[PDB]
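1. Partial complex here, more coming in a sec:
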Amino acid sequence: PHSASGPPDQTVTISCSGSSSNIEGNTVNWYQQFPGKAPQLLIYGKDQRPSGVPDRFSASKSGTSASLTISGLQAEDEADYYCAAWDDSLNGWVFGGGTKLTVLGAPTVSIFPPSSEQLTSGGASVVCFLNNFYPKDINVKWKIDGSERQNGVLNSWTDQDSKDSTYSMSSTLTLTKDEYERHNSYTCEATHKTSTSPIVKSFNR
């Protein structure tokens, strides 16, 4: 698939199909690209495991259909799996799309006022922590004197953490020094499935 949300201990399977037979020569490999790392080959020649790769991984298939199976998923398995052929098998070498993984998602839960240092530059950024939450889906709203603000908000999510399998988000609201000083209350409001009512953090000048 283009996804894959599996709980630890459960099995996972990834399928790969090629438009032309590639059983000849080599050459079908599987790569794993953990967050913030370079791709790493796990299987080559369809079913041969690379050194270090756990027994949990098994590759099979023939001709045009390939499958990568993980008998028991562990936290360290998260990332992006790619299917690939040999550059000298069919030329040129090509890779499969995205290991089934694509998403969203970017705040902060803990709120910060602009630093004095920034105010001097004639700018004002309010920053708003939303750390260690799951699922990734979450909605953050900014209110300035009770009024919702859409303009000038930058959101940004971290990849799933391999240590606790949670996500964290950062939300920044940037205003001019002049506009920041014409208002009193600044609120960061988070809507997440874990709470019936949105979680609110704010401060008043």
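-> Sure, I can see it. Numbering: from 1, shown residues only, chains lettered A, B, ... in the order given.
2. When you work out contacts or count neighbours from here on, use the C-alpha atoms and nothing else.
-> OK.
3. mind listing the strands for chain A?
-> Taking DSSP state E as the criterion, chain A carries its strands at A:12-17, A:29-33, A:40-43, A:57-62, A:65-70, A:80-84, A:108-112, A:123-133, A:139-144, A:147-149, A:153-157, A:167-176, A:185-191, A:199-204.
4. and of those, who's closest to residue A:98?
-> Closest to residue A:98 of the strands of chain A, according to CA to CA: strand A:80-84, at 6.6 Å.
5. Are there helices or strands packed against that closest one, and which ones?
-> Secondary-structure packing of strand A:80-84 (3 or more CA pairs under 8 Å, 6 or more residues apart in numbering; DSSP states H and E): strand A:29-33.
6. May I have the strand it packs on as CSV, with CA atoms only?
-> Output of strand A:29-33 as CSV, limited to C-alpha atoms (Å, rounded to 0.1, in the frame of the first residue of the first chain):
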residue,chain,number,x,y,z
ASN,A,29,16.3,-5.2,-3.8
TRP,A,30,14.4,-3.7,-0.8
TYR,A,31,15.7,-0.5,1.0
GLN,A,32,14.6,1.0,4.3
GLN,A,33,15.0,4.7,5.0
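7. Partner strands of that strand, with direction?
-> In the sheet, strand A:29-33 lines up against strand A:40-43 (antiparallel), strand A:80-84 (antiparallel) (DSSP bridges).
8. Can you name the residues that contact the residue positioned nearest the centre of chain A?
-> Centrality entry for chain A: nearest residue to the mean C-alpha point is residue A:159, 3.4 Å, by CA atoms, centre = their mean. Contact analysis of residue A:159 by CA atoms under 8 Å, 6 or more residues apart in numbering lists A:35, A:167.
9. cool, and residue A:153?
-> A:171-174.
10. and chain A, what are its domains?
-> Domain ranges of chain A: A:12-84, A:108-204, per automatic domain parsing.
11. would a markdown table of these with distance to residue A:97 be doable?
-> Output for those, formatted as a markdown table (distance: least, CA to CA, whole Å):
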| stretch | distance to residue A:97 |
| --- | --- |
| domain A:12-84 | 7 |
| domain A:108-204 | 19 |
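12. out of those, which comes closest to residue A:6?
-> Taking CA to CA, domain A:12-84 is the member of the domains of chain A nearest to residue A:6, at 6.9 Å.
13. Distance to residue A:95 for the strands of chain A - can I get that in a markdown table?
-> Putting the strands of chain A into a markdown table (distance: least, CA to CA, whole Å) gives the following:
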| stretch | distance to residue A:95 |
| --- | --- |
| strand A:12-17 | 10 |
| strand A:29-33 | 9 |
| strand A:40-43 | 13 |
| strand A:57-62 | 16 |
| strand A:65-70 | 13 |
| strand A:80-84 | 4 |
| strand A:108-112 | 36 |
| strand A:123-133 | 33 |
| strand A:139-144 | 34 |
| strand A:147-149 | 42 |
| strand A:153-157 | 26 |
| strand A:167-176 | 28 |
| strand A:185-191 | 38 |
| strand A:199-204 | 43 |
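14. ok, now chain B:
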Amino acid sequence: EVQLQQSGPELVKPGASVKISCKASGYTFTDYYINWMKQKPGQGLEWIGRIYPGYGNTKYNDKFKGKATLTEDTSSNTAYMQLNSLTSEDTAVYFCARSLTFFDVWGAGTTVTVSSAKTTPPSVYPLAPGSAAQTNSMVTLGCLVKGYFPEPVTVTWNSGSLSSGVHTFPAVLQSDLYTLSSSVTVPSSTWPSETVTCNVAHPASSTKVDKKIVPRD
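-> Now chain B, sitting on the chains shown earlier:
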């Protein structure tokens, strides 16, 4: 041990040229066929070029044929990729690989940004708590890295000693300037007890700044 280390990336204007190098160590470099693989922002892996230790020297992706040259210096254990007539489509992380069938070893990768926008150093602002409600147990500190170009910046806390409980958020682009933030959660007895600092490196502008987190008055 085996290692590949790339260098030579950065900002380049459309039509301009760049030369990436890869430095190999921990294996007989002359023995292996080496490649460059690229990955455009938020996209997939794409083979670029190969050089085999034969009599000849190379294969290229069609789109880069005539613009890119892949070469090696076996005496210096280095692989090279010469990039001319760079297009916006060329922006991506370039990885050096030492395949055996099969890319078994990858470099960390180096980001190449093809853009007209100017290099702009980041303004780094220390984010100290503005409330006393969050005291004791765990205190969260922030670093705001604002108005830089191009990517990337590196953010560490206390030169790397502070690794756990760190969330460094992916940068957002706005008017050819990136902004990111990083939070760190430490025991309240660590801060402001001992110094906490964020270390920001923006090699594109050779910017290297440290911002100690000092409590507000």
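15. again for the contacts of residue A:159, since chain B is there now?
-> Each residue near residue A:159 by CA atoms under 8 Å, 6 or more residues apart in numbering or on different chains is listed here: A:35, A:167.
16. ok, it to residue A:133 distance?
-> Distance from residue A:159 to residue A:133, counting by CA to CA, to the nearest Å: 12 Å.
17. which neighbours do the two share?
-> Common neighbours of residue A:159 and residue A:133, counting by CA under 8 Å, 6+ apart, are residue A:167.
18. Quick check: the gap between the most far-flung residue of chain A relative to its centre and chain B.
-> Residue farthest from the centre of chain A, counting by CA atoms, centre = their mean, is residue A:182 at 37.1 Å. To chain B, residue A:182 is 19 Å away according to CA to the nearest CA, to the nearest Å.
19. what residues does chain B put near chain A?
-> Contact residues (CA under 8 Å from any CA of the partner chain) of chain B with chain A: B:44-47, B:61, B:95, B:101-109, B:125-130, B:140, B:167-172, B:180-181, B:183.
20. among those residues, which ones are buried?
-> Applying 16 or more other CA atoms under 10 Å in any protein chain shown to the residues of chain B next to chain A, the neighbour count classes B:45-47, B:95, B:101-109, B:125-130, B:140, B:167-172, B:180-181, B:183 as buried.
21. Sketch out the helices for chain B, chain order is fine.
-> Counting by DSSP state H, chain B has no helices at all.
22. How is it partitioned into domains?
-> Structurally, chain B divides into domains by automatic domain parsing as follows: B:3-114, B:123-212.
23. how about JSON lines for those, with distance to residue A:86 added?
-> Shown next, in JSON lines, are these (distance: least, CA to CA, whole Å):
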{"stretch": "domain B:3-114", "distance to residue A:86": "7"}
{"stretch": "domain B:123-212", "distance to residue A:86": "31"}
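24. Which among those is found nearest to residue A:113?
-> Closest of the domains of chain B to residue A:113 is domain B:123-212, at 6.4 Å (criterion: CA to CA).
25. what's the first-to-last distance across the closest one?
-> Domain B:123-212: ends 14 Å apart by CA to CA.
26. Quick check: buried residues in the longest helix anywhere in chain A?
-> The longest helix of chain A (DSSP H) is helix A:116-121. Neighbour-count burial for helix A:116-121 flags residue A:118 (criterion: 16+ other CA under 10 Å).
27. Also stretch A:67-78?
-> Quick answer for stretch A:67-78 (16+ other CA under 10 Å): A:67-70, A:72-74, A:78.
28. Return the residues in contact with the residue nearest to residue A:165 when sequence neighbours are not counted.
-> Nearest residue to residue A:165 in three dimensions, chain neighbours excluded: residue A:75, at 7.3 Å (CA to CA, 6 or more residues apart in numbering or on different chains). Applying CA under 8 Å, 6+ apart to residue A:75 gives the contacts A:8, A:162-163, A:165.
29. Could you identify the most distant pair in those residues?
-> By the measure CA to CA, A:8 and A:163 form the most distant pair in the contacts of residue A:75, at 12.5 Å.
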